[PDB]
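Residue numbers (the deposited numbering), protein chains in the order written: chain B, 14 to 531; chain C, 14 to 531; chain A, 14 to 531. For every residue, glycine included, the Cβ atom is placed at its ideal position computed from N, Cα and C. Report on the following structure.
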Amino acid sequence: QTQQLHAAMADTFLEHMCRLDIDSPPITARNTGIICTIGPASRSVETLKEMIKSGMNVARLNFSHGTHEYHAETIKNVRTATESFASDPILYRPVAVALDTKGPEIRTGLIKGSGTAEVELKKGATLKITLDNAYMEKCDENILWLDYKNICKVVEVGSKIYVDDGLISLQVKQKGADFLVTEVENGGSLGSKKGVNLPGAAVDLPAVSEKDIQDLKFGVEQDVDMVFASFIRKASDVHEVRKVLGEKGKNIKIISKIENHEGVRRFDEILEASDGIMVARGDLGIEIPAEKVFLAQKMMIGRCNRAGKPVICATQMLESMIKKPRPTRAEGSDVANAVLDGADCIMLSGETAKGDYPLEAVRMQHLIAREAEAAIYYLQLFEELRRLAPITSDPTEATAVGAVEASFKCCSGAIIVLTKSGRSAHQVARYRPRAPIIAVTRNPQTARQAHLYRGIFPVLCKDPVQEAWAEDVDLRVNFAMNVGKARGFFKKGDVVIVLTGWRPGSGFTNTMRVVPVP
Amino acid sequence: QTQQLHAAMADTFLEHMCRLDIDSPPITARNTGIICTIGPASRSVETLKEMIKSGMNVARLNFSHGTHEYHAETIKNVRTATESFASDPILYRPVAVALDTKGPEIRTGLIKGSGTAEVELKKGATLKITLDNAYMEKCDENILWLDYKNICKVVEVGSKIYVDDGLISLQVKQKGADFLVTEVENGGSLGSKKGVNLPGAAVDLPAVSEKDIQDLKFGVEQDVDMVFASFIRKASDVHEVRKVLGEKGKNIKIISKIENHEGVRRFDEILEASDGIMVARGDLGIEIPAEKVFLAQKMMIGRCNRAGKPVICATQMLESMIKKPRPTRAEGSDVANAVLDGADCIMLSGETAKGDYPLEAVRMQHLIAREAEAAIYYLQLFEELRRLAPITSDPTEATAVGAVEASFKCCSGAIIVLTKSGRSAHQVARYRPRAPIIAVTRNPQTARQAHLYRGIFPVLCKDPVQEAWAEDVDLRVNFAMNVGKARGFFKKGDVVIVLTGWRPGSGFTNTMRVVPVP
Amino acid sequence: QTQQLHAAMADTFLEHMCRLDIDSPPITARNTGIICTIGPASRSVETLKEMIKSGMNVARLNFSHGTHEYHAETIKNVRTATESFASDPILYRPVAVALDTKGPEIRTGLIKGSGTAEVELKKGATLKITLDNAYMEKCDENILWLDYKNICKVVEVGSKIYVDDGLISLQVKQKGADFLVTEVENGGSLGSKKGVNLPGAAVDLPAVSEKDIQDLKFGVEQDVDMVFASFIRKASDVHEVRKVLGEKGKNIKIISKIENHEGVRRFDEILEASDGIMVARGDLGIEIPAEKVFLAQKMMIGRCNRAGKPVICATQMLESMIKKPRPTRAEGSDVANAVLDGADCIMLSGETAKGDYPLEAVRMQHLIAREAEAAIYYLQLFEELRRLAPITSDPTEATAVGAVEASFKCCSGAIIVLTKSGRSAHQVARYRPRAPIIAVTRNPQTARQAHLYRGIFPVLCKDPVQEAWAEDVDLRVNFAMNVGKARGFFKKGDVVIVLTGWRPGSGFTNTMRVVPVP
Ligand SMILES: O=P(O)(O)OC[C@H]1O[C@](O)(COP(=O)(O)O)[C@@H](O)[C@@H]1O
Ligand SMILES: O=P(O)(O)OC[C@H]1O[C@](O)(COP(=O)(O)O)[C@@H](O)[C@@H]1O
Ligand SMILES: [Mg+2]
Ligand SMILES: [Mg+2]
Ligand SMILES: [Mg+2]
């Protein structure tokens, strides 16, 4: 048996687990989008091509580092790699570009005569933190400059301060004027320009600084597809990001990175304001106790699934693959369970940005996601997504759930959907069919943005518009058929579901046909 | 808040029951078919016209009584009453004609007119039973004739003989070559030609007698829509009726009447052989202990529902309405519960054949069914019907379950289906939408046979066949749209689901559209 | 709200996830067993006392390395540490000792001279594998010795050979009688005595070698509690381990390590023969594809849960904590998901055997387990465990399921169970209450082995048997009460469930009492 067919049919979740079978191969199609952070290890056109071949759907540019020039040259490379495959439109893969905001980071200064090395702090040793910009590049084991000028208002005597992915912790002992004396609660090698966290501090930095607006305006000029907004704390932060993109940026997706207590606490208003969510587990597990992160992850994934908005699970998914050709058993399990929880995308960071095995990392994500997608208990998931979704009068929403139901009923090879803006296809994605959603569009950005949604295999029609609209609709369906055939999603005799609108509109999807693939 | 909608959203059946509301009005549409037995109280064109106006769908002719000439006239009156409404294609109701077989009945003879009226059978009195035809019409307290010639072979001293809906019982005290001396165990008033039951005696009467053959052939000739075959004990019994119905009877639905121990015991084969089932409770409740009838009733309804085959609940649903303009509380509950169990149609016998309130009984059935249909727990029923149904490759099957799903999602006004044979619509009905299924057909037989399925409101198109097939389709669609508007099923506000096919075949339904009503 | 109680009351698993709350504190009790591998980092009496305080339940001795003398000292220290708390019976924790077998391992030899230390294998380089004992302690980048004398009988040209947690890979270019020539495909640096894997080779080493025989007998004289048997392929393997243990080691629990393809395939036979299972992910994810491991883990946990037999999740759970004081986000997730899957115990290897932060690794496991236990969807799990158990039994199984039900109904502080051999506490565990199960016993081996079962907090009663049974019962019950109170599991006003035999006996635990705590 294939596709965990035996397990799919169990009357209990327990029995479903018992029936999971190592020797049952998955379907060819992989549903979960893969986002990769591009940096010095993956920036070259040639490796970028392999990455796309290995499965990369979205290139993330981390604006916490680098320069406009650097990132512009990265974007150009992504676009050369991507376009190198346009000669064959049946096999061309759209690739989205995402701008990841710096936001309200606190960084440390430079280490003495930098970067001549690093320092060592020791448990019990004491440290003065100064705001005095004299020490800006004079940081050693005795004094450390930070760039957050209001730090003294916000912390108190006993406050913990984490430095560098939270591996070092200090505790404020002597407070003071515009400086802090602390005892190293937890020591280690301290380098230059490291991140600082102040869990439970009322930190007043904005989500959107002047420098964030300049980055965002750059993203609009660079025609990126999406924005990952860092440290969003309330809806009004999301609205600032969107408004500031202006009319030219109107269709860029806003993804809120939830990465602090207030973000989780205000999750619902943030979700309502956003196009989607990223569970930014890195900062999230320093900001709140690490034992609690999986709770926040499952919470957010549930709510985004319940709302039909994309959710990305991020950070350290395969961390050890920075240095090694295989992941840890923890990492393999982490990716799989993110898929099983319901994440639309999984993300790689250091493992593609800077590691020695970017290509192996991407493949691993692809390989795990597709085993995990077969392992999903669709029986319970579909039922629960139905129950929990409201009665509406939008005919697209009605056609979408109807098509997903039909697809389960006939076990079809795909759901094919024509879409101008993405929406019809996103509506189908919401109900989590097992079959891949082939979204045919002419809008290239629609194609790129479709990767945010579980299940949507976007396809960019290049053919000119027919003047008989009915014939144009057909050209597109047949196009989707050739792609599925060429990719192995289905064969000549199989059946598929095709969603179509009644007029050439723009939001009129309302027709579902069950057809054999020619 | 209308149609038990608060109840419909409950997560448990118990909470659903708690939320049932006496002030929440149902939809206009009524989904359960009403079968009325036609005889002396209901036979004239005038009263037949009121019966249709009242919700009658099927006219049953019971061939345990009358001559062919009598029945020909009844059918002709039904047709006249039905056709009287043809002058307005929108408000016309097809009416089906059903032929109910005598089968292997045992009955007593005629009481001596004197004119005593009825004979008084007294507990402990002796009563001779004879087979001598000279006594056929000379029945009284001392001598009772019976038309089952073998009776003496199949009972023994001490056997029990039941007479008249099982109200009178006799014990065999003495056995003879062509007579029986019995003692009255259960006394009462005995009238003429009463039903006799011998539970657990080994009755050897053929399933299809010469008289039945005659009646079946006349039904073919007369072009009846369906036959209710009495005392079906096994699949081969059904085969005889089908044989005897032959090619000209190709399309007559055979409905097997389950009314003895064997019929229940062999139920699965009879169900696979038949086009439908009738739970024939009158005899059933004499052939098995009466406290067990509800168990038989609910297993047959359950299995027919699981098989997607029409089942009919019959007999004493509103018995007391034979004499009274309003039913007993047990009668109102009985009708409601039959619908609630999933019966496709409910039936009236004496209440329309001979009663003083034929029209009130029909109205009462229409009123209770519509109330009960609003109280069904569809969340659970729809979920269980899906689980239990197999994955097929039949595009029409996929389409049907997709349309029902869409119908719940947008609270649809109706599911409009174009069908020639009826199948496409039968396939929607087996998934039990709440919304009426308006089947548009040009085939008149198909429109009459549709009444056998819960929720199909057949509609007969009379319009000329347009030149262009796509415009002919659209015409049938606009037809159904007008009829639902005319009758208050829905307004320009609403949405309806339209099912359609890709070619003027004859089994190619593969298209569902979700459409705001123009 | 506490304890994710709001999430507990959800109608769907999806809504359950939606309600998972970062600010909802868990209970004090932690149910999942913690197994720690003792090694150079953890072996001192002083470190071991802190491990017990931080949460260690089972000390694991890995007989893949070390001499018997070494292990006997580790064992003696574990007992010195454990017994140093026996002076307060209220706070004493039984600590089990487990022996983890070497089994049919394949290892490389020692590097160097002259090496020095590591040796860099280069992608594309050629490496000769030899079997000549002259090279046993002379390995380098050209020449590698292995201790598997039949390797040559059993790989082929183009077979893959993996070295050191599958991080280095070699392809066989040329075979030969007692050597192999190979090409490095995944390079890296190769240390001494690394594990070798031949996936898809029929490796023919015995289940129980002479060394294993000697190790198991040593296990018997040291009085260990359990044996983790490596590389169990089939039931006769478990039977061989049982024969060595013999009559004298009768009560020692055998936990079969599933770590190769044949073990997964013959899982059901192995589980029937075993006392529990370890999912040994390290070797397993090299033997089968790493993407597949999560599937095997979940199938094994499900089937062990359904059988009521202990299951352990092992290997790389908090790996990065060997060198760092906080785990990665993948690591935190992996631990939570293992507990959410249904695992009875979790395990630490290098992180407590050799790393810089053994105490923090224990604490973290303790913290996550307890967080994950509050997040379980008990409403579904209990329903499923009851449905998959037989409606048969056996008053003892009925009482235990009745106890677990009462325990939810009143948010019991604990279920107190009196047991000689553990069995009755085992029975309660298999139904997965959320409340801790305080198992009171006078048998010290029973108390130590109890840690194999989720939720069983063993408590060793040292008082002599009282003159009246009823006072003997109350003594032990009251002792459970005091331990619960001292540990913060519950207080004076709370209710606990107490399970007991009817007669002074042992098993036949058929009595349940719901009692307030004094
Ligand atoms: O998903 P969206 O943006 O609503 O677009 C769906 C639209 O695409 C179509 O199928 C085709 O329209 P175009 O030919 O204008 O692209 C419409 O019938 C439908 O309204
Ligand atoms: O339910 P049935 O008998 O299969 O008929 C459904 C058929 O009716 C149609 O919708 C219309 O066909 P006609 O124009 O032949 O009536 C077909 O496309 C479809 O196959
Ligand atoms: Mg950033
Ligand atoms: Mg009859
Ligand atoms: Mg070992």
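Helix, strand or coil at residue i according to DSSP, with G and I counted as helix
i, result
"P403/A", "coil"
"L229/A", "helix"
"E198/C", "strand"
"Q16/B", "coil"
"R294/A", "helix"
"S269/A", "strand"
"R279/B", "coil"
"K188/C", "strand"
"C358/A", "strand"
"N264/B", "coil"
"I381/B", "helix"
"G415/C", "helix"
"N146/A", "helix"
Contact list for residue i against chain B, beta-carbon separation under 7 Å
i, result
"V414/C", "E418, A419, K422"
"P457/A", "Neighbours of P457/A on chain B: none; closest Cβ ~32 Å, over 7 Å."
"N199/A", "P338"
"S406/C", "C423, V508"
Cβ separation of residue i and residue j, assumed to be a contact under 8 Å, to the nearest whole Å
i, j, result
"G46/C", "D357/C", "6 Å"
"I314/C", "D288/C", "Actually they are not in contact, since the Cβ atoms of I314/C and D288/C sit about 16 Å apart, beyond 8 Å."
"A366/A", "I51/A", "7 Å"
"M291/C", "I271/C", "7 Å"
"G262/A", "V233/A", "4 Å"
"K136/B", "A94/B", "The pair is not a contact, with the Cβ atoms about 47 Å apart (cut-off 8 Å)."
"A442/A", "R467/A", "6 Å"
"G116/C", "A242/C", "7 Å"
"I181/C", "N199/C", "6 Å"
"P408/B", "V453/C", "Their Cβ separation, rounded to whole angstroms, is 20 Å, which puts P408/B and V453/C out of contact at 8 Å."
Contacts that residue i makes with chain C (C-beta to C-beta distance below 8 Å)
i, result
"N523/B", "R526, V527, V528"
"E410/B", "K422, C423"
"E396/B", "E396"
Proximal residues of chain A, C-beta to C-beta of residue i below 7 Å
i, result
"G179/B", "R339"
"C31/B", "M312, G315, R316, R319"
"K305/B", "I35, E384"
Chain-ordered chain B contacts of residue i [CB-CB under 8 Å]
i, result
"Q462/A", "In chain order: nothing, as chain B lies at least about 25 Å away."
"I301/A", "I35"
"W515/C", "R526, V528"
Beta-carbon neighbours of residue i, restricted to chain C and to distances below 7 Å
i, result
"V257/B", "Those do not exist, as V257/B stays about 37 Å from chain C at its closest Cβ, beyond 7 Å."
For ligand 4, residues whose Cβ lies under 7 Å from any non-hydrogen atom | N75/C, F76/C, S77/C, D113/C, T114/C, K115/C, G116/C, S243/C
* For ligand 2, residues whose Cβ lies under 7 Å from any non-hydrogen atom -> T409/C, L431/C, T432/C, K433/C, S434/C, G435/C, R436/C, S437/C, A438/C, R455/C, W482/C, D485/C, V486/C, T513/C, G514/C, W515/C, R516/C, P517/C, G518/C, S519/C, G520/C, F521/C, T522/C
In the segment 448 to 498 of chain C, which residue ranges form an unbroken alpha helix (DSSP H) of at least 4 residues, counting only runs that do not cross its ends?
-> 457 to 462
In chain order, each beta strand (DSSP E) run of at least 3 residues that lies wholly inside the segment 39 to 105 of chain C:
46 to 50, 71 to 75
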